[PDB]
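When the chains are written out, they are named A, B, C, D, E, F, G and H in that same order, and each has its own residue count from 1.
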Amino acid sequence: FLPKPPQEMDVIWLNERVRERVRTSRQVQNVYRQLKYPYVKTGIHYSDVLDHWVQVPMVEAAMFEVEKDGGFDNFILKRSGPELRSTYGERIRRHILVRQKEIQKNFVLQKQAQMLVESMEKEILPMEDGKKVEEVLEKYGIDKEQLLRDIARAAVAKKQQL
Amino acid sequence: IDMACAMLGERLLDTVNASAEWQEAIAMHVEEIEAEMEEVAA
Amino acid sequence: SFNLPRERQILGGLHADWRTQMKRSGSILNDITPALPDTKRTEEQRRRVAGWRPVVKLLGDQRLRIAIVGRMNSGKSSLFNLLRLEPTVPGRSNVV
Amino acid sequence: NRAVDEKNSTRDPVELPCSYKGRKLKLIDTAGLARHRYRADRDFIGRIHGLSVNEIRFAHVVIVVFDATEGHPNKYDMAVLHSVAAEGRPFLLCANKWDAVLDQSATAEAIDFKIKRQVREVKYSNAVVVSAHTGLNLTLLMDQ
Amino acid sequence: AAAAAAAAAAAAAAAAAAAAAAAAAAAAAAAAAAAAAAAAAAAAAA
Amino acid sequence: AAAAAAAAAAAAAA
Amino acid sequence: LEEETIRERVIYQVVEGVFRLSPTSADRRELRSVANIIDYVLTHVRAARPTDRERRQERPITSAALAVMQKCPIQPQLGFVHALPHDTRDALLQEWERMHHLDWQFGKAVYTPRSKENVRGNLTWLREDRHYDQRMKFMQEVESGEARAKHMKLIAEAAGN
Amino acid sequence: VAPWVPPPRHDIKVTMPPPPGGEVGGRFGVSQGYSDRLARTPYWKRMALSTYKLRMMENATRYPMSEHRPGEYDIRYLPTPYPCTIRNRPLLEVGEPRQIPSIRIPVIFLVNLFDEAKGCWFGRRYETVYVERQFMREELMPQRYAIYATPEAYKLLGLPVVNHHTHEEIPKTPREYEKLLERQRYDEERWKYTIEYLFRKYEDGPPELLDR
């Protein structure tokens, strides 16, 4: 059995369950039984998607399975609702899914920015005059002040690194 | 838009270094950034 | 194609040999501990042992000294307890 | 002999003749005494305990070692002391690991309190602190 | 030393206010606000 | 290239 | 706890001359502390700062940029923020938890939107990047017309079978 | 009260009933699946909708294994409708003492990490190294200097895919861990177990016979 029903067990017990072991006395007349529980280790893992350390009560089997799956996020995603009987597990699963969608959105944003910069670079590859540069800048909806500030920041970073 | 601005700025810097008033403004911004970095380090 | 995964037959991780199960059980069954190997004596320990002094003088038995050597379970202890005869301390039998 | 951290390092008695201050003697080392609780489960160590008791029964003086790191003699230590007293051998008590014990004064007070609380002639037993590694009061122990 | 204490407190308050403004770059917008709409500054939050 | 000791970084925030 | 006498004059000489504010009766009553006054000034300047709506109104998106973004083969899927759990608890308890390490101890985690993210070791980023690469390969195949030929061959062999 | 009762979890079949609920969902205790839609549908209608080829396809059942849970016996044939526990047994037996050595796991390094204290290299970029579990989960992973070695990870990184059976069968003794290490070494350097390599030291002849 488990200490709590499947819908209430907050801890992550993959397959470990409470089991009673039986031992006979020195004389075989009588027997004594005792319950045994798994070794619960607080898994303080790091999830790449969240980028921040997350700790949750777990078991040695849970830690080994996380290592097998190659990541806490992968382990949680592989484990399904009924299979992962943890409310904490469900909360972290929702956080991980939201963060994964955010990762995808950020990648799409980066790709859109790359396409825009490539298009404008094709447009203004030659250098003709600041007037035409500003005309293209307003055509593409960009501020010269922030363009200059980011150019200066990039130059500072380049100088610092070399 | 902002990320496109940053990427365009770095690409323009790369092209320029591979090759007036805007240059002066860039120099002033560089000086300001250097001063801010020095203050943060201090 | 049509095959079943390899899996142990005896359940519970038990062993088909009660001797293996006994050695797994351990102390309560196998009371006798295994052979004791030579201890790891450090250089500092050797130096301290050399520096020690005898608070009492050990006497070299004037009678002929004969030592029995050999491998384990060679009957050396049985031969020793057959030859030995203690008139003053009865019950001095070496464990065999 | 050989000393190792293992509980039952030696399983047979050992006798070494020697003279201290011009007085012959045979220093005897025993395997060790265990409580009946442990012996019943492990009769073999019970066998070596019986072998040790046999030599205690024939010794002319008995010296009971108890580790000072424990801080005071155990109930089984007092049981062994009473056993040797009943056998009728001059019994002495020695606290070992004195170079390792931390609170020397507290350990000495505890030992003295135990000796005083002892009821029979064991109450008159004299306790001496002796250290093996350092080698402290060995001559005093032999003199006693 | 009431006057000295008052002067020191005023100087410390001015320095702290300047540091706080510089932390959030408030002075940048504050200069324009003072130049144009010093009467009152408020941004519709909705 | 990067360098790191055996205890420089701790998962939790010390 | 600044005394009222010195306070009045300090506020009149600094806030009016520097920030040109106007606290109310209760505001001045609560402004006894230097920390309180500086926090009030910070809050008021923060409110006065331009709003995101105002900034967008003054700097709207341009038709060319919108067209390029729409033509981009990839578009985002928003609404992921609607999925993270919404805990209904005590405000003070939540403040305590966030200040301490309890914010991550038991199935909890804070959410902060990010524009740029670290890619090194990001399995999600790597898998989406490979997905995009294979999508680009598929687009190249479609442009070259190989996909049309393959589909025609598949249909022809299916009909023949 | 349930205004809407969810249908059977996996009822794609047109004639055969859905598998037992425990096989696909998360609730066991029954060996025979049921679907009210299929039961109520007249036999003639089901046969009309289906075709002999489709009927045989949907009738084909994997025995004794399960179709949905690969590598596990289906619950409808076990003595009880609950899943077999032999494969998913708990990590430690009731009487087994915990004696598990400090197992090492394979980690792909994403950046050349230089151990300055030891004056060496932990591992080069995109290289696999067997490291300590605690070390990997405590320092390498949070620093993003390396990741666990998985076939999916290799596929993502573009490196050749190798299926390191990490924790496939968790060892329970130092001897079992040694057996696991030996199996890993064999699977890695299979070429070292050839007859030629085994007799390499006797390539030409006995050293004593060989002249100096």
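Here is the rule we go by: a residue touches a chain if its C-beta (ideal position, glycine included) is under 8 Å from a C-beta of that chain, and two chains touch if they have at least 3 such contacts.
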Fewest hops from subunit C to subunit F - one hop per pair of touching chains: 2
Pair exhibiting more inter-chain C-beta contacts, A-B or E-G: A-B
Whole-Å separation of chain centres (CA-atom averages), subunit D against subunit F: 52
Chain centre separation (subunit C, subunit H; CA means) in Å: 45
Centre distance in Å when subunit E and subunit F are each reduced to the mean of their C-alpha atoms: 42
Euclidean distance of C-alpha centroids - subunit D vs subunit G, Å: 76
Where subunit F touches two or more other chains at once, by residue number: 11-13
Overlap residues in subunit H, where contacts from two or more other chains coincide: 111, 137-138, 142, 144-145, 147, 152-153
Residue numbers of subunit E (touch at least two other chains): none
Listing of all chain pairs that touch each other, if any do: A-B, A-F, A-G, A-H, B-G, C-D, C-H, E-G, F-H, G-H
Subunit C to subunit D touching residues, read off their complex: 27-28, 31-33, 36, 39, 48, 52, 55-59, 61, 88-95
Residue ranges of subunit G in contact with subunit H within the complex: 118, 120-121, 123, 126-127, 130
List of subunit D residues in touch with subunit C within their complex: 2-4, 6, 8-9, 11-13, 16-20, 24-25, 27, 41-45, 47-48, 51, 54-55, 58, 133, 135, 138-139, 142
Touch list for subunit E against partner subunit G, complex: 6, 9-10, 13-14, 16-17, 20-21, 24, 26, 29-30, 33-34, 38, 41-46
List of subunit G residues in touch with subunit E within their complex: 6, 9-10, 13-14, 18-20, 34, 37-38, 41-42, 45-51, 53-54
